[PDB]
Protein chains: 4
Amino acid sequence: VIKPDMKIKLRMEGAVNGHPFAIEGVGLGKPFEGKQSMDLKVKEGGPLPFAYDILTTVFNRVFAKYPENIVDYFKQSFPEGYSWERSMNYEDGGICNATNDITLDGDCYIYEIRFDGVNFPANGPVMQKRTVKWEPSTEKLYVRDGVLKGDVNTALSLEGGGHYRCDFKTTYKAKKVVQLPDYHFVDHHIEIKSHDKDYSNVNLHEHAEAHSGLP
Amino acid sequence: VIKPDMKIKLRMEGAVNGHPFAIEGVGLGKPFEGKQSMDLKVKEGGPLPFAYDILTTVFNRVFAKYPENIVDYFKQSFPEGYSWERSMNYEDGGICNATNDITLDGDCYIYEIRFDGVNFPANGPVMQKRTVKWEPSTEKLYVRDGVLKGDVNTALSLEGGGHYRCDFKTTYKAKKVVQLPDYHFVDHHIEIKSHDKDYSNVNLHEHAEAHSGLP
Amino acid sequence: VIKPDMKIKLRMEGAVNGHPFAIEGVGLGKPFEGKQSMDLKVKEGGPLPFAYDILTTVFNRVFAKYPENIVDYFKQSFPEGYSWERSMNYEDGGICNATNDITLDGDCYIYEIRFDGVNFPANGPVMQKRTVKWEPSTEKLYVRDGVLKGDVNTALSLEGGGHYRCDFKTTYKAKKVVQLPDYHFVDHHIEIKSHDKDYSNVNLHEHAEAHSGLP
Amino acid sequence: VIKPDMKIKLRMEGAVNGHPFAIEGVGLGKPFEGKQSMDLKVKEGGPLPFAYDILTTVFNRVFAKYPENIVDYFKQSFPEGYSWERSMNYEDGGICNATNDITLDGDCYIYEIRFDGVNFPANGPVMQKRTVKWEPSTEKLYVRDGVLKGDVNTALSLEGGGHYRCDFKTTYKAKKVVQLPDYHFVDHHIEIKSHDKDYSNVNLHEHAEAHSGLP
């Protein structure tokens, strides 16, 4: 039900500070290798007046190399798939709520994504597009209430130097009854490799690997 | 452009835990008395699977009795109107992001409302509908970066006794340039006066008054 | 067991950012009117390198005018007394933890206070002493798991204008079993009415009254 | 000023929910291997009524294996030493503030530690001693306003399954001016390897290694 090379199809509908927009993408990745790539195009709301970086981590933990000794919650959810919800709390009060319903059509994962960000101040690095990239991060996964949770505190590197921190809280919900894993981690590194000047076209990459902490 | 009896029309589109819904309402109130009333109808997504209480405070601080000695930011923004954004952080991690774009058509306020709540646990009081009502509250309003902010920390009473806390962070943005007020407060009391079995119809009231704290 | 005119004596021992200090005070107030005043003298750690305002709300909710229809948890805990614990979470990450053990010797309340604040940035308004005063505030008191809690969200006005927000979470523990009140509020207004150049001497006042919200 | 084998001596003074205690310890470790061990004795306030686990991470990032390509701030600050402050906010509202002043006498590190935790609920896992161990963690170190910061959010495994989350925010200040590192990580794994019934004697270990995350 999971092939070495899979395809990605997605549509994101959302708003930032009351500004609606829409973005669609097509991509591919190798789940057992924890790597993926995609091309994203703004469809509605362009040119986006906020930093594209706040959306990129919303654009699937099936693209994570899981070792044999750690139960793979996500690869166990297919073909039925799973959904996830996330609150991304930025340190200056900007809050982004996102949902993604992931299904499987043959060898293509299909994402239905909603994204709503609020309370981003005018002089902030998000509205002023002063973000550079997300730093590499380490997510922590643990079971709560029969469902899988995902917490990662990370930050964005800033233009004039410095970092802009954000707290992620994700709830992962399998559609069928799968086996739940133990407490573990997933290392991430998301990168926006190419883009045009106003980010209506974006090439985004991500490398992810699961581990059990210090060996 | 602001008389003692005004009307309200609204449409809310939103989702909770990835579950979409839509609600419309019609109402009226007395802005100079800080009182208002409305009838709400679910149009999509019914029956709502979450506590209706999380929606009511998203369903306009022009309906607040402001004394002369406190600058009225909201009555000053009309007829052009204003918009507001809000994050509502519940103590169990449930987060609701909401926006409201308020315009004026004659003597009727028109709301375009978006509402997005995520990470509400299945066993929580919201998904289990164990909330009774919002307690009376006191909002604190202050200026930051030329716009008016609104912080209020309050709670919902629970079915078996106890309180379920939530933190509100609201940004108020007037569409035209108006005068900024000083640090002040607004006392609130929101109430569901009537509803049917599945909350498809809701009659909602709110009482609001501004003050400057202990004299 | 409480008279209209009571006296206060206290000693606070603590540190901020790892630098120790100690302060003693003597004061007086009228519990049934919720007003009080005191004189504080620094005995250790002077001259204080941090804003004195971060300390003032630590320097007894018995000094609060309680209406007949609201159970007075604090005046009912005497002569045995009560203790309280409080975290004060400032929006830039500075955190102050405080405790107060309140006893009664005849007509004088005795406070044994501990105060520990950390992570105050050098460029922040606290370490740079850019604070002016606490704004009037409204605290909410509610029972949780048999204990009386007190949450209040307020801010400090800054020198060049602006506000520096802080989250208070207080736990009130009576020494004997006392009747618990219902959900209610307490309005506050604390003021430094006089001080010398380096705040070695401070005359501090507070006016507090409990109420039930709108109306 | 750094040898393969160093010794540790410390004294911690503190209070939890207002009840004072004091602990001293002696230990040894290998800074270049990022592992250390120590034996701790409760001297005042015993037997401790709270989970000992809340204290262990307060009982020195010099015991962290730093690779050549990452600046070692802690090792590059001796012999003068450094200090650190930290806020540990647990998900149920219990918050612990701690400071450690680290000096070097020959080949022995000396810690002067203050520890203050408040608002731990009686029915919570800390006051009921339902904690098992800290999970392995990944800390993130970054520069802000010329100072070294360390953020890690982790959790304690609880008796019978489950996790109790905590957010650490640490400020590292070398006494002398050293060299600030770039954004990097330090993996942690702390374990109580032996203790007597009421934790009057505790032998504590920690293994730590710095890295740069997924490349």
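Reminder, nothing fancy here: chain letters follow the sequence lines and each chain counts from 1. Values below: all heavy atoms of this structure, side chains included; hydrogens, waters and symmetry mates excluded.
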Candidate pair A:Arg86 and A:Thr57, rule side chain to side chain donor-acceptor pair (under 3.5 Å), full reasoning: CA-CA 10 Å; A:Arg86 182 179 312 162; A:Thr57 84; 3.3 Å; yes
Quick check on the interface: out of D:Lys140, D:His188, D:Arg165, D:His211, who has the most heavy-atom pairs with chain A under 4.5 Å?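 The residue among D:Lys140, D:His188, D:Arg165, D:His211 with the greatest pair count is D:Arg165.
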Side chain, backbone, both or neither: which part of A:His184 has a heavy atom under 4.5 Å from chain D?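 No part of it gets close to chain D.
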Let me know if A:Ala208 has heavy atoms under 4.5 Å from chain D in its side chain, its backbone, both or neither.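 The backbone, not the side chain.
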Between D:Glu91 and A:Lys169, does any side-chain N to carboxylate O distance fall below 4.0 Å?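 No salt bridge links D:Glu91 with A:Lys169.
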Passing option when A:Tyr82 is tested against A:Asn100, A:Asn60, A:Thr103 for side chain to side chain donor-acceptor pair (under 3.5 Å):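 Exactly one pass, corresponding to A:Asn60.
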For the side chain to side chain donor-acceptor pair (under 3.5 Å) test, which of A:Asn89, A:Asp167, A:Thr138 pairs with A:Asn153?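 When side chain to side chain donor-acceptor pair (under 3.5 Å) is applied between A:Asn153 and each of A:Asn89, A:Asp167, A:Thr138, only A:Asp167 qualifies.
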Where on D:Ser157 is there a heavy atom nearer than 4.5 Å to chain A: the side chain, the backbone, both, or neither?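 For D:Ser157, there is no contact with chain A at all, as no heavy atom is under 4.5 Å.
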